[PDB]
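*Asks:*
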Ligand SMILES: O=c1[nH]c2ccc(-c3cn[nH]c3)cc2cc1-c1cc2cc(CN3CCCCC3)ccc2[nH]1
């Protein structure tokens, strides 16, 4: 049925890394675009497994995979907007309304993942992609894992993530709950979106920037650029004790989270 519809052309490189490269693939017939993650197999098995059980508007869709010898081909959703990382201006951030909208969407995606027992473990601007309408989608489940199965939660112990975004308990406790960790990384992402900089190299007492935060020195560079409303949310998210840290349902009740700020997407306009 309909010849050539199976053929995809690798038009360009969307990004590379330490395992594979991601390229934009365009269908020969329909011209539909998708992102193909090429992993030179010479982790990936679990990534595919996790991706197959993902279906949400704020999570990069997985279409399928092609073994073909050793080179593994993962067909994923193409997000023309690129990485949220590139939408963050160094030392500045982005307009608060935009950050709020992206944060809302990030929360939606994380609620979904946690809802099906999956923790991402490496949430950062480089892994949050944007589609044509700037809708945020969580990507790269290479470090993800199931933390809840048969309604039984499994505590984590593996060191995973990226230091500036990792929660403090991952560095000082043998075991820890999965959810507060993703929540913390989302808080670091929010900070980056509102200030254009990361607060610390890592959440450890030996890190001066981290000690200052614990001491409420918000008059210092990072926090001084953030308005009081979102800063109060950050004070609830970036809490060292994961058991006292705000949970997502409570984040959804936060004053800034619910503050009207962002208008629609300027759809219509014809005065007179
Ligand atoms: O759409 C994407 N889907 C996707 C799905 C899964 C993973 C993924 C990574 N590991 N596991 C899964 C990674 C990606 C990355 C994507 C992407 C990057 C990018 C960069 C630019 C900037 N330009 C790129 C072209 C050169 C000029 C700059 C424009 C659009 C754009 N879209």
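Numbering (UniProt numbering), first residue to last: 2 to 43, 51 to 280. Backbone N, C-alpha and C define an ideal beta-carbon position, used for all residues, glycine too.
So what's residue 21 in DSSP terms, helix, strand or just coil?
*Replies:* Position 20 of the chain shown, counted from the first residue, corresponds to residue 21. Strand at residue 21.
*Asks:* Under the criterion of a Cβ to heavy atom distance below 7 angstroms, does residue 214 qualify as lining ligand 1?
*Replies:* Locating residue 214 in the chain shown gives position 206, counting from the first residue. No - ligand 1 has no heavy atom lying nearer than 7 angstroms to the Cβ of residue 214.
*Asks:* Just to confirm before moving on: does the CB-CB distance between residue 242 and residue 212 stay below 8 angstroms?
*Replies:* By 1-based counting over the chain shown, the position of residue 242 is 234. By 1-based counting over the chain shown, the position of residue 212 is 204. No, these two residues do not count as a Cβ contact at 8 angstroms.
*Asks:* CB-CB under 8 angstroms to residue 66, same chain, minus the five flanking residues each way: which ones, in chain order?
*Replies:* As a working mapping, residue 66 is identified with position 58 in the chain shown. Only 113, 114, 116, 117, 120, 143, 144, 145, 146 meet the Cβ criterion.
*Asks:* Can you list, in chain order, the residues of its chain whose CB lies under 7 angstroms from that of residue 125, leaving out five sequence neighbours each side?
*Replies:* Taking the first residue of the chain shown as 1, we reach residue 125 at position 117. The residues are 154, 155, 156, 157.
*Asks:* Less than 8 angstroms between the C-beta atoms of residue 36 and residue 92, yes or no?
*Replies:* Against the chain shown, residue 36 aligns to sequence position 35. Against the chain shown, residue 92 aligns to sequence position 84. No, Cβ-Cβ distance for residue 36 and residue 92 is not below 8 angstroms.
*Asks:* Would you call the CB atoms of residue 256 and residue 265 closer than 8 angstroms?
*Replies:* Locating residue 256 in the chain shown gives position 248, counting from the first residue. Locating residue 265 in the chain shown gives position 257, counting from the first residue. Not in contact: residue 256 and residue 265 (Cβ atoms no closer than 8 angstroms).
*Asks:* Verify the contact flag: residue 23, CB atom, against every heavy atom of ligand 1, threshold strictly below 7 angstroms.
*Replies:* Here residue 23 is taken as the residue at index 22 of the chain shown, counted from 1. Yes.
*Asks:* Restricting to runs no shorter than 4 residues, where is the alpha helix (DSSP H) found entirely within the stretch 170–218?
*Replies:* For the stretch 170–218, whole alpha helix (DSSP H) runs of length 4 or above, ordered along the chain, are 176–180, 186–203.
*Asks:* For residue 6, name the three-state secondary structure that DSSP assigns.
*Replies:* Looking up residue 6 in the chain shown gives position 5. Coil, per DSSP.
*Asks:* Anyone know if the C-beta pair for residue 41 and residue 96 falls short of 8 angstroms?
*Replies:* The sequence position of residue 41 within the chain shown is 40, counting from 1. The sequence position of residue 96 within the chain shown is 88, counting from 1. For residue 41 and residue 96, no; Cβs fall outside 8 angstroms.
*Asks:* Determine the extent of the beta strand (DSSP E) in which residue 83 is found, giving its start and end residues.
*Replies:* Reading the chain shown from its first residue, position 75 is the one you call residue 83. Here the beta strand (DSSP E) through residue 83 covers 79–85.
*Asks:* Out of 165, 150, 217, which has the shortest C-alpha to C-alpha gap to residue 19?
*Replies:* In the chain shown, residue 19 corresponds to position 18, counting from 1. Answer by Cα proximity: 150.
*Asks:* Just to confirm, are residue 131 and residue 197 a CB contact at a threshold of 8 angstroms?
*Replies:* For this step, residue 131 is matched to residue 123 along the chain shown. For this step, residue 197 is matched to residue 189 along the chain shown. Yes, the pair counts as a contact, with Cβ atoms nearer than the cut-off.
*Asks:* Could you give the first and the last residue of the continuous beta strand (DSSP E) run that contains residue 141?
*Replies:* Residue numbering aside, residue 141 sits at position 133 when the chain shown is read from its first letter. First-last for residue 141: undefined, no H or E at that position.
*Asks:* Shortest alpha-carbon distance to residue 138 belongs to which of 184, 108, 195, 88?
*Replies:* Here residue 138 is taken as the residue at index 130 of the chain shown, counted from 1. Per the Cα distances, 88.
*Asks:* Could you check the C-alpha separation between residue 223 and residue 169 for me, to the nearest Å?
*Replies:* As a first step, residue 223 must be located in the chain shown, where it is residue number 215. As a first step, residue 169 must be located in the chain shown, where it is residue number 161. Their Cα atoms are separated by approximately 26 angstroms.
*Asks:* Just verifying my parser: in three-state terms, what is the DSSP assignment at residue 277?
*Replies:* What you label residue 277 is simply residue 269 of the chain shown in a count that begins at 1. DSSP places residue 277 in coil when its eight states are reduced to three.
*Asks:* Name, in chain order, the residues that DSSP records as bridge partners for residue 272.
*Replies:* Within the chain shown, residue 272 is the residue found at index 264, counting from 1. None; residue 272 has no bridge partner.
*Asks:* Select from 86, 272, 2, 70 the residue whose C-alpha is nearest the C-alpha of residue 14.
*Replies:* Taking the chain shown and counting its residues from 1, the one referred to as residue 14 is at position 13. Nearest C-alpha to residue 14: 86.
*Asks:* Within a Cβ cutoff of 7 angstroms, which residues of the same chain sit near residue 52, ignoring the five residues on either side of it in sequence?
*Replies:* Here residue 52 corresponds to residue number 44 of the chain shown, with the count starting at 1. Contacts found: 80.
*Asks:* Residue 245 lies in the alpha helix (DSSP H); which residues open and close that run?
*Replies:* Working through the chain shown from its first residue, we reach residue 245 at position 237. 236–245 is the span of the alpha helix (DSSP H), which, as asked, contains residue 245.
*Asks:* Anyone know if the C-beta pair for residue 269 and residue 108 falls short of 8 angstroms?
*Replies:* On the chain shown, position 261 is the one that residue 269 refers to. On the chain shown, position 100 is the one that residue 108 refers to. It is a contact, given that the beta carbons lie within the stated cut-off.
*Asks:* For residue 16, which residues from the same chain have a beta carbon less than 6 angstroms from its beta carbon, with the 5 sequence-adjacent residues on both sides left out?
*Replies:* Here residue 16 is taken as the residue at index 15 of the chain shown, counted from 1. The answer, listed in chain order, is 23.
*Asks:* Could you check whether residue 62 and residue 73 sit closer than 8 angstroms to each other, using their CB atoms as the reference points?
*Replies:* Taking the first residue of the chain shown as 1, we reach residue 73 at position 65. Taking the first residue of the chain shown as 1, we reach residue 62 at position 54. Result no, Cβ atoms of residue 73 and residue 62 do not sit closer than 8 angstroms.
*Asks:* Express the C-alpha separation of residue 164 and residue 129 in angstroms, rounding to a whole number.
*Replies:* Locating residue 129 in the chain shown gives position 121, where the first residue counts as 1. Locating residue 164 in the chain shown gives position 156, where the first residue counts as 1. One C-alpha to the other measures close to 10 angstroms.
*Asks:* What three-state label does DSSP hand residue 256 in the structure shown?
*Replies:* Translated into positions along the chain shown, residue 256 becomes position 248. If DSSP states are grouped into helix, strand and coil, residue 256 belongs with the helices.
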